[PDB]
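Chemist: Quick check, what structure comes out for this input:
(chains A, B, C, D, E, F and G, ligands or ions: 1)
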Amino acid sequence: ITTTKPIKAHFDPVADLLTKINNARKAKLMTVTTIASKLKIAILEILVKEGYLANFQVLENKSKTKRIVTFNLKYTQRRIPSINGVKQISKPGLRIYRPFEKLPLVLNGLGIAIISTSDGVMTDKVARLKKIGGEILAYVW
Amino acid sequence: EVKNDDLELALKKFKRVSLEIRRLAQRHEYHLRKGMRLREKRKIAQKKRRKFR
Amino acid sequence: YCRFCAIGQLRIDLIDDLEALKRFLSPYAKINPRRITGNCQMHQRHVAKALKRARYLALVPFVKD
Amino acid sequence: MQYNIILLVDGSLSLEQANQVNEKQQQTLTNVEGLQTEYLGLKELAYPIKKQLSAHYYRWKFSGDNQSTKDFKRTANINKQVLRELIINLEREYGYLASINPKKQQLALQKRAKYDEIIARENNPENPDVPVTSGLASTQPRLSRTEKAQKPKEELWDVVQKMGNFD
Amino acid sequence: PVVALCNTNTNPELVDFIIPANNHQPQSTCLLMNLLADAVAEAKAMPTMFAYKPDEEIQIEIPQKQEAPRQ
Amino acid sequence: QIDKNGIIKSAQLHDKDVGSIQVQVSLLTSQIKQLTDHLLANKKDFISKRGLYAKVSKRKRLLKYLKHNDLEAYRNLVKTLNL
RNA sequence: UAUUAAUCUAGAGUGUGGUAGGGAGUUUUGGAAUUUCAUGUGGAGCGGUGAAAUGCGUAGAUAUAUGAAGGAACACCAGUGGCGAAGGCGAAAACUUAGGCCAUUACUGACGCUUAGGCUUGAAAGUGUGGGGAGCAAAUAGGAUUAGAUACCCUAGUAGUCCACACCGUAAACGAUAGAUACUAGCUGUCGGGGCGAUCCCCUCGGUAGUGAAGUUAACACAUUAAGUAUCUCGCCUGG
Ligand SMILES: [Zn+2]
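Modeler: Numbers count the residues shown, from 1 in each chain, chains lettered A, B, ... in the order given. Structure as follows:
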């Protein structure tokens, strides 16, 4: 509420979200802002339910024109972030598609990859549980 | 550059008039490129920055 | 002390303050620099333009008092 | 657009033939009238122009279409009694917005700032004092609401205190 | 460990225990040094000259403390 | 020298629609018409030639965009002599 | 993701107000300075080099004053400045004309980035035709130093440097850093717009600089105008 600042979205949703997280992690920032998109909303939801970041609130103006989402990153009392390294595999013009049997494992399962097969964004381990493959969004560990 | 009243107080000021006339005239007696013209002009401008402030 | 900015002169034409412009002119009919005039960058350009334009009209000398 | 012109005449000649030259030059302009003819009288030249050492400085203040200059410009050079033909046009460096014209307040207050007729002239124009009305009139707001209220959390601090205790 | 009078220009990543006090001014450095000296002194049974002692005290002789700005 | 206010009233569709595609291309055509005369007057005004090329390219791009959404939209806009 | 049918404005444009700038072309105008010539003043040197000599000079030079003609460039203003996409742009005026910044309760409604091929511009040198030629100066001649000097120095000296129409399309055409976008400490200046308002200073949005951490780099170093975190596109590299 009352953000008193103009914010715009960079480019394709996957790349825009990751860069903000990485820069905030490197600069020890805690709060960031970006324009909202249902793909980005879903990936932020699965990220927070995988325990990598704090509160996200999706915000709408006093109209049905613009929707934005702001999300806080998980930290510690000793000021060490939970996010270690983010890398997107999907890329504009380099759409990557692996079957279920070739589903990657990020750092021997320690990390989390976003794989939106048929039911929205959906974690790799529950993907193996449902044995369905598809789009590979990004590696997060 | 006319200025003189009795003997010497104007001569002491003549030295300043001449030095600067000499400095400005010394760059109209040898020819060098326009780029070098600007480069030496900026170099001279740095010199004033260092001392006169 | 750019007294143009201090007063908010806001405009310079030839014959309304020509006596004021003569103060900016050095005794040897030469346009004085910032260190003597005290004008700001914007006004100094205006002063230079006005003095040169007056030089076209022979109101001020060139190489003598 | 506004126009201004300065005339140089043949010096030692009197004033009534100068007015006659003015009237002659009035018709030399195109179909653009509504101009004043206030003049600056006789002033001594700063340097000789062709042979004269003085002349009269004259002025026009008309405004109209761009055709006003060609004929006057070509007839000024040929005439033996015209010396200079400066043509001022609106393209001068200026700005006269109605909201910035009322800076006469700067004039009046600067008059006080220069009032130093007494011995106690401790005032110096180049001296900051930091007064300010500080009418902000600028916030640039952007209202927002809430749509998703995912798992909340509280705040904390990052005060560092290492090793806790010696022994 | 190290404790420092971490004024607003230092780098807190180095100093372990941060004490954001003023040290350029004379009145504050002597005051906090005296509290620390009495803190280590009371552990030695010794009396505390400037610390825990209450009011109408802690008044330190002052090469006067004024004029914070430096050039 | 452009009569910018007048040319709006010609291709304008509503009371206060000044940024429509039709008025933009009308203004671009007027700019091209003026600048062609300016260029033939002064054959060596290179920056003006670059501006002319930029304006004609923008006009072509806007026309191409208009031809993509709806074919029938510019049936009445081809009243201006193009192609 | 791709197609199609639609809606919205935040991307990008158009209009309104504010506004800066050596942005460009065409046509006129001006003063210094040099040269040549004319008129006097005057009598023996001038010129140039580390030193001298070719050269100029009693058929009167250098010097000095006045005047005319002629061509080229526009001191001072001029700066850790302004503009342009790059090359570049600085005496004054007129006409035509390009782009940029700030605020927008206005409008179209994804119309946007990049760009193989293509098109346009593109320092100086050079070339074709017609003019112009004051100064300067490749080639060339002569006087010096050197063993030699076809070089550095000196005295003459044409093409050219100037203008009108074309051609040539190369440079260390350099920020040795392709364009577009989002994010990432801070400090010191300076320039423009805006609000406040005597300047100075308050701050907002922009352009141009210095210092400077995480970060990057082989190091130098870059560091919010990136050589940082990432994406899109083009061009290019694969030992000498
Ligand atoms: Zn000023």
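
Chemist: And the next helix or strand past the longest helix anywhere in chain D?
Modeler: The longest helix of chain D (DSSP state H) is helix D:16-28. Counting by DSSP states H and E, the next helix or strand C-terminal to helix D:16-28 is strand D:42-44.

Chemist: Work out the gap between that following strand and the centre of the chain.
Modeler: 26 Å (Cα atoms, centre = their mean, to the nearest Å).

Chemist: Buried residues in it, which are they?
Modeler: Under the neighbour-count criterion of 16 or more other Cβ atoms under 10 Å in any protein chain shown, strand D:42-44 has residue D:42 buried. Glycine gets a C-beta too; all of them are placed from N, C-alpha and C.

Chemist: right, and residue F:48 touches residue F:35 too?
Modeler: Yes: between residue F:48 and residue F:35 there is a contact under Cβ atoms under 8 Å: 6.5 Å.

Chemist: Look up phi and psi at the residue of chain F found nearest chain A.
Modeler: The nearest approach of chain F to chain A comes at residue F:19, 18.4 Å away (Cβ to the nearest Cβ). Note on residue F:19: its backbone torsions stand at phi -100, psi 20 [degrees, to the nearest 10].

Chemist: Can I get stretch F:2-17 in PDB? Just the C-alpha atoms.
Modeler: Extracted C-alpha coordinates of stretch F:2-17, given in PDB (Å, rounded to 0.1, in the frame of the first residue of the first chain):
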ATOM      1  CA  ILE F   2       2.300  23.200 -40.900                       C
ATOM      2  CA  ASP F   3      -1.300  24.000 -39.800                       C
ATOM      3  CA  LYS F   4      -1.100  21.200 -37.200                       C
ATOM      4  CA  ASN F   5      -4.400  22.100 -35.500                       C
ATOM      5  CA  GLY F   6      -6.300  22.200 -38.800                       C
ATOM      6  CA  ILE F   7      -5.100  18.800 -40.100                       C
ATOM      7  CA  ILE F   8      -6.400  17.100 -36.900                       C
ATOM      8  CA  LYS F   9     -10.000  18.100 -37.600                       C
ATOM      9  CA  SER F  10      -9.900  16.200 -40.900                       C
ATOM     10  CA  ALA F  11      -9.000  12.700 -39.900                       C
ATOM     11  CA  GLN F  12     -10.300  13.000 -36.300                       C
ATOM     12  CA  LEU F  13     -12.800  10.400 -35.200                       C
ATOM     13  CA  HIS F  14     -14.100  11.700 -31.900                       C
ATOM     14  CA  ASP F  15     -14.200  15.000 -30.000                       C
ATOM     15  CA  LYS F  16     -10.900  14.500 -28.100                       C
ATOM     16  CA  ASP F  17      -8.900  11.700 -29.900                       C
END
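
Chemist: Please work out which residues outside that stretch touch it.
Modeler: F:18, F:20, F:22, F:23, F:26, F:27, F:30, F:31, F:34, F:77 (Cβ atoms under 8 Å, 6 or more residues apart in numbering or on different chains).

Chemist: how does it look with 6 Å?
Modeler: Stretch F:2-17 is contacted by residues F:20, F:22, F:23, F:26, F:30 when judged by Cβ atoms under 6 Å, 6 or more residues apart in numbering or on different chains.

Chemist: ok, and which of the residues you listed reach RNA strand G?
Modeler: Counting by Cβ under 7 Å from any atom of the strand, F:20, F:23 from these sit close to RNA strand G.

Chemist: Weed out the non-buried ones from the contacts of stretch F:2-17.
Modeler: Among the contacts of stretch F:2-17, the ones that count as buried by 16+ other Cβ under 10 Å are F:22, F:23, F:26, F:30.

Chemist: I'd guessed the first one sits against residue F:77; true?
Modeler: So that's residue F:22. Yes: at 5.5 Å, residue F:22 counts as touching residue F:77 under the criterion of Cβ atoms under 6 Å.

Chemist: need the helices for chain B, in chain order.
Modeler: Per DSSP H, chain B carries helices over the ranges B:9-25, B:34-51.

Chemist: Excluding sequence neighbours, find me the nearest residue to the residue in chain A positioned nearest to chain E.
Modeler: For chain A and chain E, the shortest gap (Cβ to the nearest Cβ) falls at residue A:79, measuring 10.2 Å. Leaving aside its chain neighbours, residue A:79 sits nearest to residue D:158 (5.2 Å; criterion: Cβ to Cβ, 6 or more residues apart in numbering or on different chains).

Chemist: so how many other residues sit close to residue C:58?
Modeler: As a burial measure, residue C:58 scores 19 neighbours (other Cβ atoms under 10 Å in any protein chain shown).

Chemist: isn't it right up against residue D:48?
Modeler: No: look at residue C:58 against residue D:48 with Cβ under 6 Å: they stay out of range, at 8.8 Å.

Chemist: Tell me the helices and strands packed up against the helix or strand that contains residue F:39.
Modeler: Element membership for residue F:39 (DSSP H and E) is helix F:21-41. When contacts are defined as 3 or more Cβ pairs under 6 Å, 6 or more residues apart in numbering or on different chains; DSSP states H and E, helix F:21-41 sits against helix F:4-11, helix F:46-69.

Chemist: any chance of those helices in a markdown table, plus mean neighbour count?
Modeler: As requested, the helices and strands packed on helix F:21-41 are exported to a markdown table (neighbours: other Cβ atoms under 10 Å in any protein chain shown):
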| stretch | mean neighbour count |
| --- | --- |
| helix F:4-11 | 12 |
| helix F:46-69 | 13 |
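
Chemist: Make CSV from the ones you listed and add distance to the ion to it.
Modeler: As requested, the helices and strands packed on helix F:21-41 are exported to CSV (distance: least, Cβ to the ion, whole Å):
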stretch, distance to the ion
helix F:4-11, 34
helix F:46-69, 31
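
Chemist: Put together JSON lines for these, with distance to residue A:46 on each row.
Modeler: Output for those, formatted as JSON lines (distance: least, Cβ to Cβ, whole Å):
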{"stretch": "helix F:4-11", "distance to residue A:46": "51"}
{"stretch": "helix F:46-69", "distance to residue A:46": "38"}
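
Chemist: To residue D:84, which of those helices lies closest?
Modeler: Ranking these by proximity to residue D:84 (Cβ to Cβ) places helix F:46-69 first, at 32.0 Å.

Chemist: near RNA strand G at all, the closest one?
Modeler: Yes: Helix F:46-69 is in contact with RNA strand G by Cβ under 7 Å from any atom of the strand, via F:46-51, F:53-55, F:61-62, F:65, F:69.
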